[PDB]
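One chain comes next, on its own, written as structure tokens: the form deposited in one PDB entry.
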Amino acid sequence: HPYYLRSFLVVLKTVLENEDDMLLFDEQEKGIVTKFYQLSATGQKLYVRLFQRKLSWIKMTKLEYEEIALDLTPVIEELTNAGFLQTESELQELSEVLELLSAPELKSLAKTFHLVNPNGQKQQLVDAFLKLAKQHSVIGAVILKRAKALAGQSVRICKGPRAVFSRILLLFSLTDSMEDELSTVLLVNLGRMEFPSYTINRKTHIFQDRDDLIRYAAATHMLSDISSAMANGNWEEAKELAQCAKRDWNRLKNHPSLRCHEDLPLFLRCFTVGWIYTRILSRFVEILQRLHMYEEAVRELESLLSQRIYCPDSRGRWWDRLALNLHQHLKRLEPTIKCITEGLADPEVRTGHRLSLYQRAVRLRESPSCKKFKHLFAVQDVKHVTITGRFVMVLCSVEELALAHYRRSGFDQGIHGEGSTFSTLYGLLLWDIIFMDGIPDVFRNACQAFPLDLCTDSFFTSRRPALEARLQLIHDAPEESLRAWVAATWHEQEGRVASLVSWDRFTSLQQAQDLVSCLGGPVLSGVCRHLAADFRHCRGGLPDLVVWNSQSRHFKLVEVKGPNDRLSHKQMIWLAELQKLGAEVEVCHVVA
């Protein structure tokens, strides 16, 4: 089986064995999946090749697949019988036949049918052919017959069966996505990936019925379209699309299904239509801000912050952003102070957005403009250091240069991993708690790299006594214990796809063992507590470098900065917090 079919069969098996997910398919749709498994390998191979391509008519001219068969005529015929794949005889709409033809093929057609401009562009010829065929039905039937003859043998994928596989992938996709935005990396690799072993346990339903899923899926397409508009810098298209989404979401706000969604725990409530429209409303405030409609942007941010149902984790980003627009763009210092107060009060705002609001506070208590207002009332200081480059040493990064400085300054051993180094160690020390039994709805299918609550407050609370026991054990751990825990997870789990664990991060198991030994129990314990407590807001801002001396076991955690980049809020909080745990932290600056 080649990579594309391997990946497809994994996706299918994973979703079908899920009884509760299969409630969202009528018995005919389940029949189409049964029909696919009754196909030959070559039938399956070819269908997947066409499934991955644009939903459009394809000339058998253009269909080459050496690894399937030399001629695909019997393979197409199997898929035709099964009802997966139309042929010439089904191609009847004139618009569709004209699209399928080449510019020279339409030119010679336009000569025979005496069009006004036979040397015109394809679309003009197509629009012209459609006008003629409409006006004079008799001619239209000749155009259709003439076009189909030039078109030759061609084939299209049936939208009915396609839609069943689209929905299977949509259900499969939910659990692969840890962050917000078949996909390429999975299409290629998914067949070969071995996943952590855990116990699937589904107490709760995500979608009420088939109609609920279709409305989710539609909002997903709308979210996808809005992002693509913003990506291509078509900010007017995006505004209307976001306005359509706001209308479509407004129409739906009464529907009974939404009341079941409100009752889902946050780690499942992400997989609900209302969450997707809320995320579209986050994209809307982004578009309004780019079009300099800051009054309009602030209404939507106030609207979003007025509820706690959908995207609580985004509230930190919303408050910080509301404070900015009221302060710098609208110049309303009285709302700014209220916004910041309500912001800093809210226990959903964390780390960078917490600090950023507090930094905007100390900028107003020490500002002549806000003397007419009341009193209006931190981070620890860190050793900054400077070195020099030309960058070359031949061509090197800012981090590679700093590593050589720490190598010359005695630290023979070093890793430039940013957040992956502590994330992997966190994954390696707490694997068995990460994938532990007895939390319902967190393991729903066989291809998860994480429990669905990992990036939620639920993760720590749901595992509170087990984590506290391990966190304390790690704090009081001799190097023999740390080396043994890392070794246990390594030898049992090496290669297993876990979101937290980059297996290639450490050059060997020995390097992982050597590093935890230098870091020590108290440091590792505190890092693991933070990442377990609130991965969503503590994942980012860990320092670029760990450097350590292989004899002394002196180590520095270093955030490398080039000429023009300051500490982010999340970086300076991590430096302070690693200093409190009693590790030497440094900002290694670089200059020309």
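We call the rigid core whatever largest set of C-alpha positions still superposes within 1.5 Å between the two forms. Note that residue numbering follows the sequence shown and begins at 1.
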Should the segment between residue 393 and residue 394 be described as having none, 1 to 3, 4 to 9, or 10 or more unmodelled residues of the deposited sequence?
10 or more
Between residue 390 and residue 391, the number of deposited residues left without coordinates comes to 10 or more
Would you determine, from the values in the PDB entry, which of 304-312 and 67-75 has the greater average C-alpha temperature factor?
67-75
Mean temperature factor over C-alpha atoms, higher-scoring stretch between 185-193 and 365-373
365-373
In the PDB entry, which of 173, 420, 80, 458 has its C-alpha at the highest B-factor?
80
I'd like to know which of 507, 351, 489, 117 has the highest C-alpha temperature factor in the PDB entry.
117
Residue 265 CA temperature factor, ranked by third within the chain:
lowest
Could you say whether, by C-alpha temperature factor, residue 442 belongs to the lowest, middle or highest third of its chain?
lowest
Where does residue 561 sit by CA temperature factor within its chain: lowest, middle or highest third?
middle
Split into thirds by Cα B-factor across the chain's modelled residues, where does residue 383 land: lowest, middle or highest?
highest
Select lowest, middle or highest to describe the third in which the CA B-factor of residue 359 falls within its chain in this entry.
middle
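In what follows, reference is made to the form deposited in another entry, a form of this protein that is not presented.
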Where among 454, 497, 467, 477 does the Cα move by 2 Å or more between this form and the one not shown after the core is superposed?
497
Once both forms sit on the same rigid core, is the C-alpha displacement of residue 425 at or above 2 Å between this form and the one not shown?
no
C-alpha of residue 205 off by 2 Å or more between this form and the one not shown on rigid core
no
Take the rigid core as the frame of reference and indicate whether the C-alpha of residue 127 shifts by 2 Å or more between this form and the one not shown.
yes
